[PDB]
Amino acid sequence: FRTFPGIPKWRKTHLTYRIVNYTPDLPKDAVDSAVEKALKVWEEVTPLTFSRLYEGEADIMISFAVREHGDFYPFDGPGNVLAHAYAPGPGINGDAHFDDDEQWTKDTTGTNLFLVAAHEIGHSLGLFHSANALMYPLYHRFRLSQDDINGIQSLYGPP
């Protein structure tokens, strides 16, 4: 496992998130389910408790965007970069973005939103790319690996 430069971590247990907008590809409940389920993957093996917000600035702002979208890492159309997220911190830090030129699916016939979001939320909680592993930098009965659990626990702690 690997962490971000300067070992950044959330300095609180209660974290908030907001889904700012939605992909055309799925219904909103399917997006909510994938994201909500993506947060539980990490919530289950840490003392972190997530809460949802509909107004205002949440810690983890979740949005779908294409090309240039307000940060130093513009998306690249279909394929290549599917999504990116930021390390723990204020502002853009902690936020997760999804490239809406990909075809986001409930299943595997396109790009699975749940799997990518789980990997993206890993970035939101301070995990960088692994060497084996959900945090491995390539998209390919799902379970969180020991290498993944090592990083989040040796940072926040166990439940």
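We number the residues from 1 along the sequence you see.
J.: Should the segment between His140 and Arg141 be described as having none, 1 to 3, 4 to 9, or 10 or more unmodelled residues of the deposited sequence?
T.: Count of unmodelled residues in between: 4 to 9.
J.: Which class describes the count of deposited residues lacking coordinates between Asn132 and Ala133: none, 1 to 3, 4 to 9, or 10 or more?
T.: Per the deposited record, the segment joining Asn132 and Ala133 lacks coordinates for 1 to 3 residues.
J.: Higher average CA B factor in the deposited record is what I'm after, so tell me if that's 52 to 60 or 39 to 47.
T.: Taking the mean B-factor of the alpha carbons in each, 39 to 47 is higher.
J.: Which has higher Cα B-factors on average according to the PDB entry: 102 to 110 or 66 to 74?
T.: Between 66 to 74 and 102 to 110, it is 102 to 110.
J.: Where does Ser145 sit by CA temperature factor within its chain: lowest, middle or highest third?
T.: Highest third.
J.: For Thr23, does the deposited CA B-factor place it in the lowest, middle or highest third of the chain?
T.: Lowest third.
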